[PDB]
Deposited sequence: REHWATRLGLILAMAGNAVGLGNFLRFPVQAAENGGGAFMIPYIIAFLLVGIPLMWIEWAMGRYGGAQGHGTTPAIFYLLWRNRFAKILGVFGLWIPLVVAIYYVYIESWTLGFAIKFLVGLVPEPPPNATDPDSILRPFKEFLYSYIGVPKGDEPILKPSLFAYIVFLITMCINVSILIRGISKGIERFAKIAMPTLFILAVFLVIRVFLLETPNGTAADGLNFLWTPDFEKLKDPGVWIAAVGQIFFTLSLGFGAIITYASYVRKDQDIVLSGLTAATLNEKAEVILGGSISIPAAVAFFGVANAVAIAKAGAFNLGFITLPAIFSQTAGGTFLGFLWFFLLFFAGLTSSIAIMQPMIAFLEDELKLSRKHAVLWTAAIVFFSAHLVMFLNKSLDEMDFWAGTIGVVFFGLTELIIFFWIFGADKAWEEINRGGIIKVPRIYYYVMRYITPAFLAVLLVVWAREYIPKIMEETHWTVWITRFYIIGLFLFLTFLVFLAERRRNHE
């Protein structure tokens, strides 16, 4: 088995797994939409009651699996629970990350294309203070790039440059992944994360200096960090907060498991997992939280910045932020630094959500790394055509895989490891080699509190909101559902082939 060379490379690979577009694009939008500081209490709580414990459970599952030659959940679930159903439930830890990779890599490619365009100055000039005369050239710029539909038909027409940048993006992911764990992901992480950190701190400082007639950066911080105890009653905030925790810590995606399967059997995971987790939250609440929303609030005031966050997932980061930067000296280059930040943030994360399919092909079907990586990249690339051309396919995949699915899978992996395999064996396995011990109270959190909290949330989700997505959506959502159900069946088929290949020896 491959192994992480260094402790530092390990922590930074895992930190890069976690620190991604979630931190810089998703977090701000979810925080702004859900009351700012009102979002934050549930967020911090979700972190303490869901984030930390699942992080520890997945590193533990992964290291355990790795010591026996298996880094993905079809195998690892079965090693934990020797029942053929364990294998099928385990297909979600290949499918989720594959499906999420199919849209994430595309969004990551938009950051590269914008980075390119901003650096070279092929961007709009807004005229030489009507907000709409400034936002509109940027809305059009995003809209042409991805080809948002101008008519009735739910079809996208991405620009040729978008398409080619997607190819290139795929190529860069491959060039890292194909070199493997220590020479690829890990060497890359040691360069990308300090660059990410520097760029983000530069950006936070630049944002902190913005001041207009409508506000300062300080107002955005007060908005975000000022508690609204009203909203502690709204189930929507909680659902928002918990989904964000999972997305941002990469929990429920098989990705932490797979990375942890390269940790040596002996090596600490308790301190290392906490540090990765903590590096992610710093990057999210300190860096990601201090760029977009304070910039938006400085220029437009709170009400308008909230309205913008509710407008679309990408308005804030791809339209408003560069629009704002465009009104400041050297603003095109700050846009470049922002997109370049997003890109490296994306790329360190996308390699992490392709590695599970790679590990499965290597571990279970005995493909060479080269073939495993190329077939993985070919599947993602191909599938991404749906997300590039069918309007709102991105959204449907992000809902099934990236939102519901991850919460489902987190509860599942928790029940398999901490209830079926056994709480006391799970605890011992988490703690073994630990440089620190998990605090004892977390035992009761893992066994009782975390599974209750997730099961309740999932019930509320399936009742109050998923009937709307099955009933209020355009018919073309069935194109996406059909395809990704197919991907699941394809993956179940490879699990089957892998089980026959075993028997045959």
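Chemist: Go through the deposited sequence from residue 1 and tell me which stretches lack C-alpha coordinates, in order.
Modeler: Model skips only 129 to 130 of the deposited chain.
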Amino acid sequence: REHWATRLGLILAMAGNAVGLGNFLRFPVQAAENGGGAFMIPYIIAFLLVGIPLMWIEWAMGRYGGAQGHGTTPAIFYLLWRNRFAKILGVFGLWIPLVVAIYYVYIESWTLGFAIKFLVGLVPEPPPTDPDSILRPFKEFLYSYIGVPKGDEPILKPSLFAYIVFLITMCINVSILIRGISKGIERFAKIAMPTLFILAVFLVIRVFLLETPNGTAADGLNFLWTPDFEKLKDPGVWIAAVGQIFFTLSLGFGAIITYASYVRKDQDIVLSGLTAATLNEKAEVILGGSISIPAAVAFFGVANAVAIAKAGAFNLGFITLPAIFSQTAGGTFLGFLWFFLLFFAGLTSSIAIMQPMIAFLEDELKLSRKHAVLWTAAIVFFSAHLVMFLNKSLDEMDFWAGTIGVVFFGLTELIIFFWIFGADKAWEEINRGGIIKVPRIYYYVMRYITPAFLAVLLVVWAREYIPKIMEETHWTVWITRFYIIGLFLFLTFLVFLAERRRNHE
From here on, numbers count along this sequence of modelled residues.
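Chemist: What stretch has the higher average Cα B-factor here, 180 to 188 or 307 to 315?
Modeler: It is 307 to 315.
Chemist: Please work out which of 242 to 250 and 404 to 412 has the higher mean CA B-factor as recorded in the PDB entry.
Modeler: Per the PDB entry, the higher value belongs to 404 to 412.
Chemist: Among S383, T73, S133, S292, where is the Cα temperature factor highest, going by the PDB entry?
Modeler: Answer for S383, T73, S133, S292: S133, with the highest C-alpha B-factor.
Chemist: Say you rank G288, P356, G335, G422 by Cα B-factor from the PDB entry; which sits at the top?
Modeler: The record points to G422.
Chemist: Using the B-factor values recorded in the entry, state whether the Cα atom of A31 falls in the lowest, middle or highest third among the modelled residues of its chain.
Modeler: CA B-factor rank for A31: highest third.
Chemist: Grab the CA temperature factor for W95 from the record and place it in the lowest, middle or highest third of its chain.
Modeler: Lowest third of the chain for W95's C-alpha B-factor.
Chemist: Pull the Cα B-factor of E284 out of the PDB entry and bin it into the chain's lowest, middle or highest third.
Modeler: Middle third of the chain for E284's C-alpha B-factor.
Chemist: Quick one: classify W478 as lowest, middle or highest third of the chain based on its Cα B-factor.
Modeler: For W478, whose C-alpha B-factor we compare with every modelled residue in the chain, the answer is the lowest third.
Chemist: What third of the chain, by the recorded C-alpha B-factor, contains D219?
Modeler: Its C-alpha B-factor, which the entry lists for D219, ranks in the highest third among residues of this chain.
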